[PDB]
Amino acid sequence: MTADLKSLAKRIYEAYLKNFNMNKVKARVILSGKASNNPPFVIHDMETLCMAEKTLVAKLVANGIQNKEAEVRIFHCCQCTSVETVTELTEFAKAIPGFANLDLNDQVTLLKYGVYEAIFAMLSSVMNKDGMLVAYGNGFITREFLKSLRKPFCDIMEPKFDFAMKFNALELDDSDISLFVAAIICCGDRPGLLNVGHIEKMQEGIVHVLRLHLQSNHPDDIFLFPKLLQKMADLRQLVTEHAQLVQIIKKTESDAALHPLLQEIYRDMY
Ligand SMILES: CC(C)(Oc1ccc(C(=O)c2ccc(Cl)cc2)cc1)C(=O)O
Ligand SMILES: CC(C)(Oc1ccc(C(=O)c2ccc(Cl)cc2)cc1)C(=O)O
């Protein structure tokens with residue numbers, strides 16, 4: 001692990017810390033309850049949802065969502081969070097060496113297919129087996145409450161929890177996750193790329209730094225890099241299924257609206 005490779009890892013780590021409001025260190029501090037006796041407000045049923053939404057009234061009233069079905073309200077708010085994360089991933093990508101120099105349409109394409117893989121990767125940091133932190137760690141929506149919603153909404157998040165439990169068992173830290181997210185974005189085989197050669201060059205550099213970083217930071221998890229290559233493949237499959245579910249909601253749910261700022265990402269994705 002050469003000094004230049006360590007420096008690239010720390011600079012990507014820095015960009016990740018400066019661009020994402022929530023990181024795994026903060027998440028685990030809250031989920032563990034060590035730094036405080038004031039835990040997040042728990043949304044575990046329809047009544048505690050409605051209580052939480054008293055705080056979120058202005059968010060709901062903004063788009064006239066407040067009289068919608070609870071399932072629609074919940075995932076309106078979740079969409080708003082995705083849009084926020086997409087904005088942060090877009091700034092973060094500037095710190096990947098070479099990304100900003102790519103053809104603008106290639107940057108758009110890399111983000112189009114990459115953001116949700118990174119989103120579900122990073123979501124793992126705010127999940128445990130019982131639920132997920134929401135609202136910058138201030139609330140906690142239980143896994144069972146999400147499974148209790150009417151179909152198809154009860155099937156949206158459960159496969160993300162299933163992915164996260166195995167991902168979290170890898171015990172990645174934020175230095176690892178920042179390079180993983182960088183590697184997710186630099187995939188050379190997204191549909192519609194223009195300069196595949198330039199991108200593969202950029203990808204090989206990030207994947208090389210990632211492998212050596214993992215070997216240095218988790219010396220006792222010898223095949224951690226191969227394990228994370230498989231997670232990258234699992235995430236691409238997870239996102240493909242998510243897109244198909246989004247498509248089914250679009251076709252079968254009349255009163256649910258796809259956030260303007262996510263319509264373009266999903267348009268013709270898979
Ligand atoms: C500033 C504030 C409160 O920031 C939020 C950040 C994240 C979320 C969520 O992701 C969320 C999703 C579903 C529920 Cl049920 C509750 C919360 C909501 C609000 C807002 O924008 O009003
Ligand atoms: C992770 C998340 C929030 O997952 C979704 C979950 C539910 C919906 C919807 O409720 C919906 C509403 C209208 C349409 Cl047309 C399609 C879907 C959208 C995305 C995302 O992808 O950011």
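Heads up: numbering here begins at 1 and tracks the sequence. FYI, side chains are in, hydrogens and waters are out, and symmetry mates aren't considered; it's all heavy atoms of this structure.
The closest side-chain donor-acceptor pair between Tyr136 and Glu84 falls under 3.5 angstrom. Judged by distance alone, the side chains of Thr48 and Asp45 do bring a donor and an acceptor atom under 3.5 Å apart. Under the 3.5 Å distance criterion, with hydrogens and angles disregarded, no donor-acceptor pair is assigned to the side chains of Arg267 and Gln263. For the 3.5 Å distance criterion, the side chains of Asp130 and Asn128 fail to qualify, holding no donor opposite an acceptor. With no hydrogens or angles considered, a side-chain donor-acceptor pair links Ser7 and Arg11 at under 3.5 Å. Looking only at atom types and distance, the side chain of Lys160 has a donor-acceptor partner in the side chain of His242 under 3.5 Å away. Between the side chains of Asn38 and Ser36, no donor-acceptor pair is found at a separation under 3.5 Å. A donor atom on one side chain and an acceptor atom on the other are found under 3.5 Å apart for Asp174 and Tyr16.
Judged by distance alone, the side chain of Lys6 and the main-chain N or O of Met1 form a donor-acceptor pair under 3.5 Å. Between the side chain of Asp106 and the main chain of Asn195, a donor-acceptor pair closer than 3.5 Å is present. Remark: the backbone N or O of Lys68 is not paired with any side-chain donor or acceptor of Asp255 at under 3.5 angstrom. A donor-acceptor contact shorter than 3.5 Å links the side chain of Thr142 to the backbone of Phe145. Within the 3.5 Å criterion, the main-chain N or O of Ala15 finds a donor-acceptor partner in the side chain of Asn19. Within the 3.5 Å criterion, the main-chain N or O of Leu262 finds no donor-acceptor partner in the side chain of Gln79. In terms of modelled atom types and a separation under 3.5 Å, the side chain of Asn217 and the main chain of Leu214 share no donor-acceptor contact. Using a distance-only test at 3.5 Å, with no hydrogens or angles considered, no donor-acceptor pair links the side chain of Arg143 to the main chain of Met132. A side-chain donor-acceptor contact under 3.5 Å links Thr252 to the backbone of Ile248. Using a distance-only test at 3.5 Å, with no hydrogens or angles considered, a donor-acceptor pair links the side chain of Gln107 to the main chain of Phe99.
In summary, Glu69 and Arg150 engage in a salt bridge, as defined by a charged side-chain N under 4.0 Å from a carboxylate O. A salt bridge does not link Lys112 to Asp268: none of the charged nitrogens lies less than 4.0 Å from a carboxylate oxygen. At a threshold of 4.0 Å, the pair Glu158-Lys151 does not count as salt-bridged, since none of the basic side-chain nitrogens sits closer than that to a carboxylate oxygen. No salt bridge links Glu204 with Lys201; every basic N to acidic carboxylate O contact stays at or beyond 4.0 Å. At a threshold of 4.0 Å, the pair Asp221-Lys227 counts as salt-bridged, since one of the basic side-chain nitrogens sits closer than that to a carboxylate oxygen.
Taking 4.5 Å as the limit, some side-chain heavy atom of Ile249 sits within range of a side-chain heavy atom of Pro152. You'll find the side chain of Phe163 reaches within 4.5 Å of the side chain of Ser124, heavy atoms only. With a 4.5 Å cut-off on side-chain heavy atoms, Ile119 and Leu89 count as touching. Considering only heavy atoms from C-beta on, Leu149 comes within 4.5 Å of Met46 through its side chain. Side-chain contact check for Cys186 versus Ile206: some heavy-atom pair is nearer than 4.5 Å.
For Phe92, the ring-ring contact (aromatic ring centres under 6.0 Å, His included) partners two or more places apart in sequence, or in a different chain, are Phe20.
Taking hydrophobic clusters as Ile, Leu, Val, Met, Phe, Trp and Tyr residues chained together by side-chain heavy-atom distances below 4.5 Å, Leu245 shares a cluster with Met269. Two different hydrophobic clusters hold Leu56 and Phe153 under the rule that ILVMFWY side chains link at heavy-atom gaps under 4.5 Å. The cluster map of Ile, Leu, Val, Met, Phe, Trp and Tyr, joined by side-chain heavy atoms under 4.5 Å apart, puts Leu60 and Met51 in different clusters.
In the displayed structure, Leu258 atom CG is contacted under 6.0 Å by more than 12 heavy atoms of other residues, nucleotides or ligands.
Listed here is the closest heavy atom pair of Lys24 and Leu172: NZ-O, 2.8 Å. Summarising the geometry of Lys59 relative to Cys77, their closest heavy-atom pair is CD-SG, 3.8 Å, with the distance given to 0.1 Å. Nearest heavy atom pair, residue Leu133 against residue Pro40, reads CD2-CG, 3.9 Å.
Aromatic ring orientation, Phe120 versus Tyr116: tilted (interplanar angle from 30° to 60°).
With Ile184 as the partner, the side chain to side chain contact (heavy atoms under 4.5 Å, CB included) test is satisfied by one option alone out of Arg236, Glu117, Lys231, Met122: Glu117.
Pairs of residues two or more places apart, or lying in two chains, never qualify as ring pair (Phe, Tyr, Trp, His ring centres under 6.0 Å) while including a residue from residues 195-215.
Hydrophobic clustering, defined by side-chain heavy atoms of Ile, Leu, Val, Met, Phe, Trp and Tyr closer than 4.5 Å, groups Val57 together with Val61.
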